[PDB]
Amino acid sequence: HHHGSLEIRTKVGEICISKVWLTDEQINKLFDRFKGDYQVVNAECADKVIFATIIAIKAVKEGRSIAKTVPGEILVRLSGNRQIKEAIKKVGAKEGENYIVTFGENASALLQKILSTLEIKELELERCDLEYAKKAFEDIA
């Protein structure tokens, strides 16, 4: 824009993700034990989780987020529901296949820590097909 302005950063830092199997039992222990820079979501494929996480990190940083924390804002952005309670219903962790995403300075170690400590089984990361990725992008960006 105007000559002399920043300098506006596109990068949000490292984001790590794994598709996992979680029992209700594992989901309980996860939320009780871990309080940091992660979220667990029930999503169709990985790309949309990454899009939601990027937007959530940026919106929080810019003070333009709907929810007040990144984990809350991931749920809002991934679901498209401004009400956190409604977002949780749609894309919150559910017994079965989930994605764990971590972000911030120690993203990779945190993801490893969650996975290792809870002996969580990883599944093949599933990419969104291009049709879905197009839709997810228009929905989120």
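When you see a residue number, it is the position in the sequence shown, counting from 1.
| query | Taking only the CA atoms, which stretch has the higher mean B-factor in the record, 122 to 130 or 7 to 15? | reply | Looking at the record's C-alpha B-factors, the answer is 7 to 15.
| said: Per the entry's Cα B factor values, which of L115, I100, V70, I84 stands out as the maximum? | reply: The C-alpha B-factor peaks, among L115, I100, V70, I84, at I84.
| request: Report the third (lowest, middle or highest) to which the CA temperature factor of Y38 belongs, ranking only the modelled residues of the same chain. | output: Middle third of the chain for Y38's C-alpha B-factor.
| For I54, the third of its chain into which the C-alpha B factor falls | CA B-factor rank for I54: lowest third.
| task | Taking the chain's C-alpha temperature factors as the reference, tell me which third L78 falls into: lowest, middle or highest. | result | Its C-alpha B-factor, which the entry lists for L78, ranks in the middle third among residues of this chain.
| Third of the chain's Cα B-factor distribution that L30 belongs to, per the entry | Its C-alpha B-factor, which the entry lists for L30, ranks in the highest third among residues of this chain.
| query | Which third, lowest, middle or highest, does the CA B-factor of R64 fall in along this chain? | reply | According to the entry, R64 has a C-alpha B-factor in the chain's highest third.
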